[PDB]
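Engineer: what's the 3D shape of this:
(one chain, ligands or ions: 4)
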Amino acid sequence: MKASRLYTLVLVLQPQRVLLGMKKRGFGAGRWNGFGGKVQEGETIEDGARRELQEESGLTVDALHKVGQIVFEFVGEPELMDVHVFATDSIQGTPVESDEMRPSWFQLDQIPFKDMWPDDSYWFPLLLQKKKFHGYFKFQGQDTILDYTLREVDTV
Ligand SMILES: Nc1nc2c([nH]c(=O)n2[C@H]2C[C@H](O)[C@@H](COP(=O)(O)OP(=O)(O)OP(=O)(O)O)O2)c(=O)[nH]1
Ligand code: NA
Ligand code: NA
Ligand code: NA
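Structural biologist: Numbering: from 1, shown residues only. Ligands and ions are numbered 1, 2, ... in the order given. Sharing the structure here:
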């Protein structure tokens with residue numbers, strides 16, 4: 001079984017809107033997403049999530065809730081991406097554009113699925129329903145899912 005590398009993903013989810021960022025370079029460029037990246041040596045996963053949110057959007061938070069975990073496999077890539085997904089409703093500061101991301105708010109009846117990773121269509125609705133989840137998706141390239149599993153869980 002492949003080795004895995006730890007990543008974070010943070011969704012600022014308010015009652016009528018969600019904050020996403022347009023990825024300007026790198027992995028997932030051209031897609032709207034939450035904020036996140038590789039966990040670094042010595043930090044907890046939650047602290048890595050807080051750090052990435054600050055670096056990519058300028059925001060800080062008073063509390064981060066773990067809402068899901070998704071493992072990604074790409075054909076032809078040796079490592080799995082083990083993504084720990086967090087949400088918060090209560091941020092401090094305004095979002096700012098970074099080298100990585102252009103933040104923008106979306107109303108919750110305008111979630112931009114066509115410009116998001118394809119797997120987000122499956123798990124994002126669970127997030128919105130306050131349901132914790134575990135997932136796994138195998139991709140060929142950026143657009144094609146070959147296999148996936150998704151489970152509602154009581155504990156992430
Ligand atoms: N919504 C969504 N997010 C995903 C998927 N796959 C995936 O890795 N992610 C997230 C996890 C991370 O937030 C981000 C990938 O991390 P990254 O490449 O931006 O990491 P980084 O900031 O450390 O990278 P870099 O500056 O070194 O280029 O994308 C997916 O299918 N859907
Ligand atoms: Na980053
Ligand atoms: Na990133
Ligand atoms: Na999509």
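Engineer: ok, which stretches of the protein are helices?
Structural biologist: With DSSP state H as the criterion, the chain has helices at 45-57, 120-128.
Engineer: out of these, deepest packed?
Structural biologist: Highest mean neighbour count among the helices of the chain (mean count of other Cβ atoms under 10 Å): helix 45-57, with a mean of 21. All C-beta atoms are positioned from the backbone trio N, CA, C, and that covers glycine.
Engineer: Start and end of stretch 35-46, how far apart?
Structural biologist: Length of stretch 35-46, first residue to last, Cα to Cα, to the nearest Å: 13 Å.
Engineer: Export the helices of the chain as CSV, with columns for distance to residue 98.
Structural biologist: Below are those laid out as CSV (distance: least, Cβ to Cβ, whole Å):
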stretch, distance to residue 98
helix 45-57, 5
helix 120-128, 21
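Engineer: closest one to ligand 2 among these?
Structural biologist: helix 45-57 (5.0 Å; Cβ to the ion).
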